[PDB]
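Comments concern the structure below.
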Amino acid sequence: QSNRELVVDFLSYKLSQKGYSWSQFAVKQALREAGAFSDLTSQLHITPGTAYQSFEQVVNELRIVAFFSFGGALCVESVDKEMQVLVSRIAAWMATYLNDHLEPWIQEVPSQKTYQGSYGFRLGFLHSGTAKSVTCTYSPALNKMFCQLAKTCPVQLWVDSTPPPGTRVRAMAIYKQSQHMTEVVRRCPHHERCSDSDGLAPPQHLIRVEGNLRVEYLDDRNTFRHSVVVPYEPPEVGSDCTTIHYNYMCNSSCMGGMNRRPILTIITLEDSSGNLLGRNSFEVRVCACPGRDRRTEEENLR
Ligand SMILES: [Zn+2]
C-alpha cells in the first residue's frame with residue numbers, strides 16, 4: 001500500500017525516463033539515480049505466459065537497489081517487445097517478492113536485446129491456429145514459433161517509417177540456454193548431406209529464405225556464426241507489412257545438431273553500410289506437428 005508506491009514510483013520514473021506513462025498501461029529520488037545487465041535479457045525470457053514466477057528464481061540469485069532497477073528495465077523491455085500488459089504484473093510481482101524475501105532485511109555472443117529504432121521495427125506473424133494440418137504457427141504467449149522442417153515460415157516485418165533503399169534484413173540463430181550460447185548453431189550431418197539444396201544456401205546453414213534469388217548467406221570470419229540476409233523491400237500494393245519466407249532445415253530433436261536444445265532467432269534491420277537499425281527475436285521449435293506441440297505448451301499455462 002506504501003511499499004507498492006515505492007515500486008510503482010521507480011517503474012513510473014523509468015517509464016517516464018523513456019517515452020511512456022503509467023496510466024497508458026526523497027529516498028525515492030535517491031533510488032532514481034542509484035539505478036551483468038545481460039542477465040535481464042538473456043537469462044530471463046519475459047513473455048505474456050513466461051515469467052509466470054520465474055521472476056522469483058531470477059531475483060533469488062541475488063542489490064535491493066539492483067532489484068528495483070531490474071524491474072524497471074523489464075518494463076522498458078516489456079513495452080519494447082510490445083508486451084506492455086506485463087508492466088501491470090511486474091509491479092504486482094515486485095511488490096510480493098519484497099514482502100516475502102527482502103522486506104525482513106529492511107524491517108531492522110550476439111545480443112538479443114530488442115530495439116525498434118528510428119523506423120519502429122516490429123515482427124508480425126500470421127494467425128494460423130493449432131489444427132494438425134498447420135505447417136507453421138506462432139505462440140504470442142510464449143513468443144515462440146512452431147514449424148515443420150523445410151516448410152514455409154512467414155515472418156512479417158512492420159515499420160513506423162519506411163527505411164531507405166539498400167536496407168537489409170538479416171536472420172541469425174543462437175541457443176536460448178546460457179550453457180550453449182557460445183556454441184554456433186548449425187545443421188546435423190544427415191540434413192547437412194541431403195539432396196534438398198536450393199543452389200544458394202550453404203549445406204550447413206539452418207535458416208534459409210524462400211523464393212528470393214537476391215538472398216545472401218554469411219559465415220562470420222571471426223565468430224563463425226551463420227547468417228542469412230535479404231534486401232528490405234517496402235510492403236506490396238495493398239499490404240501493410242513485408243513478408244519474408246524462412247525455412248528451418250533441421251529439427252529441434254536432431255542429434256548431430258541442436259540435439260534437443262531450444263534456439264532463438266534474431267532478426268536485425270541493417271543499412272547498406274551494415275549499421276544496425278533494429279532488432280527483434282523469437283524462440284523456435286522445429287517439430288513434426290507444430291499445432292499439437294503449440295497447444296500442449298499453452299495448455300500448461302494458467
Ligand atoms: Zn537435422
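Below, all heavy atoms of this structure are taken into account, side chains as well, without hydrogens, waters or symmetry copies. For the single chain, residues carry numbers from 1 onward in sequence order.
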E108, CD: over 12 other non-hydrogen atoms inside 6.0 angstrom: yes
Check: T50 and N143 side chains under 4.5 Å, non-hydrogen atoms: no
Shared hydrophobic cluster for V185 and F146 (ILVMFWY, side-chain gaps under 4.5 Å): no
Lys/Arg N to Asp/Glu carboxylate O, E270 vs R170, below 4.0 Å: yes
Within one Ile-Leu-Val-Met-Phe-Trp-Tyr cluster: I46 and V79, side-chain cutoff 4.5 Å: no
hydrophobic_cluster_shared for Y175 and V286, side chain cutoff 4.5 Å: yes
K151, NZ: over 12 other non-hydrogen atoms inside 6.0 angstrom: no
Electrostatic pair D196-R187, nearest N-O below 4.0 angstrom: yes
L213 atom CG: more than 12 heavy-atom contacts under 6.0 Å: no
Heavy atoms from other residues, nucleotides or ligands near CD of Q24 exceed 12 (cutoff 6.0 Å): yes
Aromatic contact, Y138 with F282 (centres under 6.0 Å): no
Side-chain ion pair, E5 and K28, N-O less than 4.0 Å: yes
Hydrophobic cluster identity match, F70 and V7, side-chain contacts under 4.5 Å: yes
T265 and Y248 side chains, donor-acceptor separation under 3.5 Å: yes
Over 12 non-hydrogen atoms of neighbours within 6.0 angstrom of CZ in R292: no
Cluster check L123, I266: I/L/V/M/F/W/Y, side chain < 4.5 angstrom: no
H191 side chain to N251 side chain, donor-acceptor N/O pair below 3.5 angstrom: no
Sole candidate of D160, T114, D80 that passes side-chain hydrogen bond (donor to acceptor under 3.5 Å, both in side chains) when paired with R122: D160
Identified salt bridge (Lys or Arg N to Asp or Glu O under 4.0 Å) partner of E298 from the options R302, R294, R295: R294
Over-ring placement of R279 relative to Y115, 6.0 Å and 45° cut-offs: no
